Each structure stands twice: as structure tokens, then as C-alpha cells.
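A short write-up of the structure that comes next.
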Amino acid sequence: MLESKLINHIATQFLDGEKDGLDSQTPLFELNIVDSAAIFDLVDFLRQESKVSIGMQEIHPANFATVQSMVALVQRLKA
Amino acid sequence: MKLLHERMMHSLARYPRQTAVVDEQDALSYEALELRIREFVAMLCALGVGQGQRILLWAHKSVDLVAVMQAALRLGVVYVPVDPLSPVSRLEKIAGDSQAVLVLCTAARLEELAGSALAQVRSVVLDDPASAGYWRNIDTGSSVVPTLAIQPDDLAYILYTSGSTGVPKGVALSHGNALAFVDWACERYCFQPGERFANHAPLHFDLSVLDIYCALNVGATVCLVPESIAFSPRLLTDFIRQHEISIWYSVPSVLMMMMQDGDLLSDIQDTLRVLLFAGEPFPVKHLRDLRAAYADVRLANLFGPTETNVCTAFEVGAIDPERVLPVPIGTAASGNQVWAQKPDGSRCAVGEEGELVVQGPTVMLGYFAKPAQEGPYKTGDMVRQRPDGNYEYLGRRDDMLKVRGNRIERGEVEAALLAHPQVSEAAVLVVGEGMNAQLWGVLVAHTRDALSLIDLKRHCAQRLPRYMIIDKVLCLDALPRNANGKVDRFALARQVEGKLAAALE
Ligand SMILES: *P(=O)(=O)O[C]C([C])([C])[C]([O])C(=O)[N][C][C]C(=O)[N][C][C]S[C]([C]S(=O)(=O)[N][C][C]1O[C](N2[C]=NC3=C([N])N=[C]N=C32)[C]([O])[C]1[O])[C]1[C][C][C][N]1
């Protein structure tokens with residue numbers, strides 16, 4: 001269940017553990033939850049938790065805009 | 001040749017079949033850009049936009065935007081670049097300050113403008129041919145192009161900066177302001193015909209002045225970096241190779257992402273000839289690695305506020321193994337004179353800390369719709385001169401902040417935060433250096449202690465660009481002030497105590 005591990009991870013890493021308003025559809029960059037410089041700290045969590053290697057062509061902003069985008073990526077990158 | 005728009009005409013006359021500007025969709029020869037410029041000149045006339053009037057460019061960079069700029073310059077029309085990702089409310093404040101008579105934007109963002117305070121300002125759509133407002137649908141049949149008397153110190157464009165009150169401040173820049181910098185850069189770095197410039201910075205930051213206007217000044221090519229490619233550091237560095245980029249200009253943070261994840265130090269980009277950085281301290285550990293991989297590249301630290309563009313520059317030689325402090329900012333640039341001032345107004349001795357003061361041709365006309373700048377410009381940047389004459393940057397004393405090169409007034413953010421119904425008082429400060437810098441909000445809550453960091457970020461997102469939204473918040477019952485209301489800056493001790501407490505567990 002990828003959504004649960006990302007919603008949880010994002011709150012502790014970037015919201016100091018406050019999961020109050022975060023969900024799979026909240027825009028992470030428009031809200032400065034995830035900045036320019038924490039983009040790979042997220043890709044690094046998706047390589048360990050999901051166990052799939054992320055490519056350069058797929059480090060697109062649309063894939064990481066939301067949790068629903070990142071989960072769709074791992075489903076996509078799995079088959 | 002004392003006017004900006006005359007520079008590309010000179011290059012067009014020399015190099016008509018040479019590639020002038022490149023984006024994702026199109027790649028325009030100088031002749032094709034000329035034709036495009038003439039369409040926008042005809043458009044602006046057909047709309048009755050006259051000499052002196054302001055227009056907002058609220059759209060992502062493209063060849064059309066470059067053509068718009070040249071067209072507006074030819075008509076003495078002052079163009080005003082606005083962050084396409086900026087919220088309508090901030091666009092509102094800028095439209096009011098400039099009194100723009102025209103907004104150029106995508107069709108997507110017309111909808112937000114209908115409910116805005118600039119619903120009555122004329123708008124044209126740049127992207128979607130299906131819009132009635134599509135710029136090409138404006139009938140240019142009866143348009144007639146006038147002949148104008150434009151002086152080199154007439155206002156050319158306005159670049160808005162963060163404002164201490166919440167209203168952005170417009171740096172009003174003349175033809176002479178831009179050309180002093182452009183000519184200085186072209187002579188110092190010997191930009192040549194047919195070189196390829198990368199335009200990484202958005203058009204509303206003055207780094208794009210070099211990327212675009214130096215390229216059109218020497219008959220070279222400007223390659224516009226799209227946001228989709230700017231976001232994969234591995235794609236940024238592949239961008240350099242595919243377009244055979246030879247001049248690069250960015251804040252250090254961009255170069256560091258390309259080093260960390262773009263293979264910039266291992267997959268050597270050997271077409272690079274000049275590698276300029278500006279806007280912030282380039283961590284010397286990382287500059288050391290960059291200089292070792294690109295040992296034969298012209299590599300330079302450029303300095304200055306938007307109010308002056310680059311007023312000081314330093315050619316980077318070697319990086320001493322033992323160096324801990326950032327490289328100097330150097331000596332005066334762009335035809336200016338530079339010195340460090342004591343508060344008494346006198347010139348500092350070597351070693352004395354003082355405020356950088358700039359006098360010369362890149363000094364702005366002044367803030368738009370505000371009284372003209374007279375005399376030397378006090379920058380607010382504290383500096384110290386080394387025995388060798390080069391200046392070193394020390395930081396600021398005022399409330400201007402920097403996060404990864406982005407200029408942020410504490411008061412702009414505080415104003416958005418204080419407007420929240422539950423926030424009583426607010427202080428903003430940056431904690432951490434470089435890529436670890438974080439924007440903190442220190443607040444006083446009216447009731448309870450229940451303030452959602454996400455609710456605070458949505459509230460900020462309605463007023464501020466994303467990089468101005470607070471990363472972290474700290475709620476306490478009182479803000480520490482000196483006897484006359486100045487925030488004690490001991491909040492940094494309070495924040496450091498919070499962060500350390502979390503590491504302890
Ligand atoms: P992400 O979305 O958080 O990361 C992505 C990225 C690209 C890093 C993003 O954050 C970004 O786009 N960065 C924006 C930075 C940028 O594009 N440039 C802004 C122009 S910087 C400066 C004008 S200024 O007024 O904005 N800043 C003036 C101010 O800056 C300080 N300063 C200038 N130059 C230096 C140097 N060399 N060293 C230290 N400090 C420096 C001074 O305090 C100065 O007063 C430009 C730079 C050249 C001319 N003006």
C-alpha cells in the first residue's frame with residue numbers, strides 16, 4: 001500500500017509529523033511541502049519502499065506533484 | 001546602437017539565416033524572429049498600446065515572449081515580466097502598481113482573471129488558437145507603425161522584487177542600464193557569433209538579461225530551458241550537450257543539483273566555455289569540485305541587486321585546498337564605480353566592514369511610479385575589502401532574505417501570515433545555509449494552539465509564490481523585541497533548540 005507509506009513519510013519528513021491536512025491529492029510543490037532540494041529525498045524513499053529504480057526521463061514534475069502521481073508512477077514502472 | 005532593440009537588428013543584418021532563439025516547439029532564425037517581432041508590433045499598435053505604457057508578460061518563456069519583448073522595445077512600450085506561477089492576488093498588486101493596460105497570458109489563467117481586480121484590463125492569449133483573445137485573431141489591417149524618438153535612458157522594462165509591505169517593488173530599468181551590463185559582459189567574456197547561450201532563469205529575474213540580450217547582441221543563439229527539463233538535473237545536463245551550450249548562467253543551487261544528480265562532474269560537458277554564477281555564496285566545498293572538473297572554463301562569481309544588475313564580478317582562479325570562506329565578489333563591473341561606506345558616509349579602510357555603494361550606468365532609474373534614484377545606490381549588502389582590493393560579501397543587516405537565490409523580504413511573508421485569522425503576530429527568519437536553508441515562521445496564535453501547517457501553507461499559497469511559503473512554523477506566546485519593537489533574532493536560538501530536541505529522539 002504505497003499511499004499509506006508516502007502520506008505518512010511526507011508528514012514526518014516535511015510537516016514535522018502532522019498528517020492533519022495531507023492526502024493523496026494535495027499539491028506538494030504549490031504548497032512548498034516539497035521543495036526543489038528535497039525532490040530526491042522523495043525519490044530515495046520511493047526506491048527503497050517500492051523497490052523500483054527511478055529513471056531520468058521520469059523525474060518529471062507531473063509524476064511528483066501529488067502522492068496520487070507518485071503511486072501511479074510505481075504502478076506504471078512495475079508494469 | 002544606444003537602444004536595446006537596435007542591437008538585434010544589427011545582428012539580424014549580419015546573420016539573417018542564423019538561429020536566434022530556441023524553445024521546445026520552435027527554433028527561429030534571426031529573419032523568422034524578425035517576422036514574429038513585426039507581428040507583435042502590429043498587434044500592439046492595433047490595440048492602441050502607446051509609448052510609455054506598461055504590459056504584463058504572465059506566461060512561461062517561449063520564442064513568442066522574446067518577440068514580444070523586442071516588439072515592445074521598438075514601440076517604447078515598457079514590458080513587465082510576471083512569474084507565471086505567481087498567484088493572481090500578487091499579479092493584482094503588480095497590475096495596480098504598474099497600471100498595465102494589457103496582460104499577455106495563457107488561456108488557462110483567463111478564468112482566474114475574470115474574478116480578479118484586473119478583469120477590466122485587456123488581455124490576450126498566447127497559447128491557445130481557440131480563444132477569442134488569441135493574439136493572432138486581433139485584426140492588424142489598419143495598424144500603422146509610428147516613428148519614435150527613444151532615448152537610451154528611457155524606461156525599457158520593470159523587474160518587480162519582493163516588497164517589505166507586501167506590495168512588490170518595481171525596478172525600473174533603462175536602455176542604458178541594460179546595455180552597460182550587456183556590453184560589459186560581452187567584452188569581458190568575449191561572447192562570439194554562433195555561440196549557444198542557455199537561458200535557465202525565468203524572464204522575471206535579471207539573469208535572463210544576459211542570456212537573451214547578450215545572445216542577440218553578438219549574433220548568437222539563446223536556448224530557452226523549459227520547466228520540464230529544468231526539473232531533472234540529468235536532463236538539464238543533457239540539455240547542455242544536445243544544444244551545444246557554451247555559456248551558462250545560474251544561481252549556485254542549480255549547479256549543485258546538476259553536480260549531485262546530473263553527472264555534471266563525471267559526464268563532462270565539454271562545450272561549456274563560460275560558466276557564470278550569481279545571486280548567492282557558492283559553498284566552497286562544491287565550487288572546489290566544479291572547478292576541478294572544469295579546470296579550463298572561464299568561471300566567475302557575479303554580484304549585485306536587481307537595482308544594479310551585476311555591479312561586481314570576480315574571475316575564479318584556483319580554489320585553495322584550505323579555503324573555507326566563499327570566493328570574493330571581486331571588483332566593480334558594468335562600467336560602475338564601487339566602494340564600501342561607513343555609516344558616517346566616508347570610505348572604509350581596507351579590512352573595515354561597510355555597505356557596498358554603487359555609482360554608474362547600471363544603477364536603476366528608480367522604483368516605478370516612485371521618485372527617481374539620485375546619486376550612488378546604497379545596496380544594503382555588507383562587504384569588506386581584502387588587501388588585494390577585492391571585496392568579500394558578508395551578508396545583510398536588513399530584512400531581505402535569500403533562499404536558494406530567491407530574494408525574499410521578511411515583510412512580504414509576514415504580511416501574508418499575519419492576515420490569517422488566527423495569527424496575531426509574526427516573524428520570519430531563515431535557518432540553515434545553502435540547500436539546507438529553511439524558511440521559518442515564528443507566530444503568535446490568537447486562540448488555543450491548533451494551527452495547521454497545511455492550512456497556513458494554503459493561506460500563503462493564495463498570496464505568495466511557492467518559494468515564499470514557510471517550510472516550518474514555530475508557535476510561541478510572545479515575540480521577543482528590543483525596546484523599540486525590533487525582533488530580537490534570538491528566535492534563531494529558539495528554532496535551533498526545537499530542531500535539536502527532535503534529533504535527540
Ligand atoms: P527551488 O524551485 O527552491 O530551486 C530551483 C531554483 C532554480 C534554485 C530556484 O530556487 C530559483 O529559480 N532560484 C532563483 C534565483 C534566481 O533565479 N535569481 C535571482 C536573481 S539574483 C540577483 C538579484 S536579486 O535582487 O534577486 N538578489 C540580490 C541580492 O542577492 C545577493 N547576492 C547577489 N549576488 C550574490 C553573490 N554573487 N553572492 C552572494 N550574494 C549575492 C545580495 O544580497 C544581493 O543584494 C541577481 C544576481 C546578479 C544580478 N542580480
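Whatever order the structure lists them in is the order used to number ligands and atoms, beginning at 1. Throughout, protein chains are lettered first and strands after them, A, B, ... in sequence-line order, and every chain is numbered starting at 1.
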Worksheet item: Based purely on interatomic distance, does B:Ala278 place a nitrogen or oxygen under 3.5 Å from a nitrogen or oxygen of ligand 1?
Response: no

Checking heavy atoms under 4.0 Å, the part of B:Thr306 that sits near ligand 1 is both

Under 4.0 Å between heavy atoms, the region of B:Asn301 that gets near ligand 1 turns out to be side chain

One finds that the ligand 1 atoms under 4.0 Å from a non-hydrogen atom of B:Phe205 are 14 (C), 16 (C), 17 (O), 19 (C)

Against ligand 1, does B:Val251 come closer than 4.0 Å with any heavy atom?
yes

Tested for ring pair (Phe, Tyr, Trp, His ring centres under 6.0 Å) against B:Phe197, the lone hit among B:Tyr249, B:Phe191, B:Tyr213 is B:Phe191

- request: If the plane angle is over 60° it's perpendicular, under 30° parallel, otherwise tilted; pick one for B:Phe231 and A:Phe29.
  value: perpendicular

Original post:
B:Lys402 to ligand 1: N or O pair under 3.5 Å?
Top reply: yes

Before accepting this row, confirm whether a basic side-chain N of the pair B:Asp267/B:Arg234 lies closer than 4.0 Å to the acidic partner's carboxylate O. yes

Using a distance-only test with no angle check, is there a side-chain donor-acceptor pair under 3.5 angstrom linking B:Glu307 and B:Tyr367?
-> yes

Check for me whether B:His200 has a heavy atom closer than 4.0 Å to any atom of ligand 1.
yes

query = So is B:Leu302 in contact with ligand 1, going by heavy-atom distances below 4.0 Å?
reply = yes

B:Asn309, any N or O under 3.5 Å of ligand 1 N or O | no

TODO: Could you tell me if any non-hydrogen atom of B:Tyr249 lies under 4.0 Å from any atom of ligand 1?
DONE: yes

One should read off an interatomic distance between B:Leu216 CG and B:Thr221 OG1, to the nearest 0.5 angstrom, of 9.0 Å

Check your understanding: Looking at ligand 1, does any of its N/O atoms fall within less than 3.5 Å of an N/O of B:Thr379?
Key -> no

Atoms of ligand 1 under 4.0 Å from any heavy atom of B:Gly304, numbered from 1 in the order shown, are 22 (C), 23 (C), 28 (C), 33 (C), 34 (N), 46 (C), 47 (C), 48 (C), 49 (C), 50 (N)

At under 4.0 Å between heavy atoms, what of B:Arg396 touches ligand 1? The answer is side chain

Under 3.5 Å, N or O to N or O, is B:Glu307 touching ligand 1 that way? no

* Salt bridge between B:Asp183 and B:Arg7, side-chain N to carboxylate O under 4.0 Å? -> yes

* **Electrostatic pair B:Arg323-B:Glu392, nearest N-O below 4.0 angstrom** => yes

#### Entry: N or O contact, B:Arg404 vs ligand 1, cut-off under 3.5 Å
yes

Practice problem: Tell me yes or no: between the side chains of B:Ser174 and B:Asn177, is some donor less than 3.5 Å from an acceptor? | Solution: yes

Hey, is B:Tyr467 one of the residues with a heavy atom under 4.0 angstrom from ligand 1? no

(request) Give me the ring orientation class for B:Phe277 and B:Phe282: parallel if the planes are under 30° apart, tilted from 30 to 60°, perpendicular past 60°. (result) perpendicular

Under 3.5 Å, is there a donor-acceptor pair between the side chain of B:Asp211 and the main chain of B:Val222? no

Short version for B:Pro281: what comes under 4.0 Å of ligand 1, heavy atoms counted, is both

*asked:* Are more than 12 heavy atoms, taken from residues, nucleotides or ligands other than B:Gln462, located less than 6.0 Å from that residue's CD atom?
replied: no

Near B:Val254 (heavy-atom distance under 4.0 Å), the atoms of ligand 1 are 7 (C)

To the nearest 0.5 Å, atom NZ of B:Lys457 lies from atom CZ of A:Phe14 at 9.5 Å

Do B:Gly279 and ligand 1 have an N or O pair less than 3.5 Å apart? yes

